[PDB]
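An overview of the molecular structure
The residues making up each chain are set out below.
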Amino acid sequence: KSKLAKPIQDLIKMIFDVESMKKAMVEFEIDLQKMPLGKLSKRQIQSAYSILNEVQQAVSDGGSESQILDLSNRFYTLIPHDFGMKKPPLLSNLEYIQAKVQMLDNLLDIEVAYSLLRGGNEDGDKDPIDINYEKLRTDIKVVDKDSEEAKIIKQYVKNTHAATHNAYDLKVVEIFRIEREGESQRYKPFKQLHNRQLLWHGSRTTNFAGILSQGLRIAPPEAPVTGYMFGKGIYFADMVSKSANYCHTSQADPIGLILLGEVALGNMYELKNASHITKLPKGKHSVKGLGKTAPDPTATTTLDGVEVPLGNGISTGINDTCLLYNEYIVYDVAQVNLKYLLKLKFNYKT
Ligand SMILES: Cc1nc2c(O)cccc2c(=O)[nH]1
């Protein structure tokens with residue numbers, strides 16, 4: 001049997017659940033009959049990105065309709081879709097293409113989870129859970145519910161739950177202190193930067209075996225820069241509300257996972273509108289999309305020398321902005337060091 005604590009066991013069982021991986025793929029409209037979980041390859045996803053990149057170029061620049069048609073057929077043949085009784089939409093709408101780039105981001109993490117799952121499991125001297133936990137190469141520990149560390153994080157969750165996102169409540173079911181192998185080391189050079197904050201990052205539970213083993217990462221070279229609001233970086237938020245929405249939970253599936261990472265922001269390049277950033281301006285270390293609401297700067301605390309914006313959602317003086325909430329993007333995989341993983345319970349208003 002498992003040596004791990006119960007909460008951790010329930011976590012491993014949850015992130016490695018095969019049923020959830022298929023549910024995700026069905027929601028992305030993949031044909032599971034023609035494309036089973038085990039057919040997924042990194043090479044395959046790379047090519048699909050390249051295809052989406054070209055089609056995006058043809059739409060923007062007015063390429064022949066025959067070109068867009070050919071590209072759509074190649075994409076749908078590479079990744080078989082199931083549209084039921086409806087005709088398959090062509091990749092001719094820039095919003096649909098963006099939807100498809102997001103699908104590939106998720107498939108990258110799902111592919112990692114399955115590969116790990118079917119990996120070295122022959123050992124009989126270990127419990128399956130213990131074996132899969134070790135594959136994550138991440139030390140996971142339960143944060144004590146009554147300690148200061150936990151108190152602060154609960155305060156951060158409660159106080160930063162935005163007004164327009166109050167279509168559900170949020171209960172912190174469990175808090176885990178995570179430490180990925182060799183991550184503290186690759187982040188060492190960034191402790192030299194100022195403006196290091198404890199930000200949020202939400203994602204589907206199906207992405208967590210990938211996030212924990214490979215860490216958070218920027219999209220591959222093949223992905224179109226356009227597929228992302230502020231270019232190809234790593235996104236965070238200061239309002240639990242905003243990140244929580246990327247968990248993709250529902251009334252029928254209410255438990256979501258959410259990360260708290262320390263991010264070395266330094267001098268931020270403030271933007272009020274989207275921008276397909278390739279180069280970062282000299283002297284800038286990250287991008288910050290300004291929102292109409294942000295935690296109250298008065299209430300900002302520190303946790304191990306890291307700023308924690310646990311203030312209540314106050315309206316900022318900026319009005320000419322397109323964003324409702326702030327977004328933080330770093331463009332180097334080493335500018336972040338993951339700290340906590342929270343198990344959240346979304347109570348939907350009925
Ligand atoms: C996947 C993800 N994306 C985000 C974003 O684009 C902006 C702000 C936050 C997030 C987040 O938490 N997760």
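This entry lists X-ray crystallography as its structure determination method and reports a resolution of 2.8 Å.

You'll find the chain entered in the PDB entry as POLY(ADP-RIBOSE) POLYMERASE, with Gallus gallus given as the organism. For this entry, the PDB title field holds "THE CATALYTIC FRAGMENT OF POLY(ADP-RIBOSE) POLYMERASE COMPLEXED WITH 8-HYDROXY-2-METHYL-3-HYDRO-QUINAZOLIN-4-ONE".

With that out of the way, let us pick up the site of the ligand. Taken together, the neighbourhood of the ligand is formed by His-201, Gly-202, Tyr-235, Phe-236, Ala-237, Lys-242, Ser-243, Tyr-246 and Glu-327. Measuring from an oxygen atom of the ligand, one finds a backbone N or O atom of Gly-202 at 2.6 Å. Between the ligand and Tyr-246, the relevant distance is 3.5 Å, taken from an oxygen atom to a side-chain nitrogen or oxygen of the residue. The protein chains hide 84% of the 320 Å² of surface that the ligand would expose on its own. More than half of the atoms of the ligand fall within 2 Å of the grid points belonging to the largest pocket. Those elements that place two or more of their residues in the shell around the ligand are β3 (196-203), β4 (234-236) and α10 (240-244).

Mapped onto this structure's residue numbering, the UniProt feature "active site" falls at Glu-327. If you trace the backbone, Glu-327 turns up in strand β13 (residues 327-330). In this structure, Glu-327 is in contact with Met-229, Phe-230, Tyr-235, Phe-236, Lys-242, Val-287, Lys-288 and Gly-289, ignoring residues within four places of it in sequence. A polar side-chain atom of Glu-327 sits 3.5 Å from a polar atom in the side chain of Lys-242.

Cut-offs and rules
Residues numbered from 1 in each chain as written, not as in the entry; some residues may be left out. Heavy atoms only, no water. Near = heavy atom within 4 Å. Polar contact = N/O pair within 3.5 Å; in protein donor to acceptor, adjacent residues only side chain to side chain. Areas by Shrake-Rupley, 256 points an atom, 1.4 Å probe, with all protein chains shown as cover. 1 Å grid on protein atoms, 1.4 Å probe; cavity = no way out; pocket = protein on both sides within 12 Å on 5 of 7 lines; lining within 4 Å. Sits in = over half its atoms within 2 Å of the grid points. Helix = DSSP H or I, 4+ residues; strand = E, 2+ residues; numbered from the N terminus. UniProt positions renumbered as here; feature names shortened; annotations may be inferred. Contact = heavy atoms within 4.5 Å.

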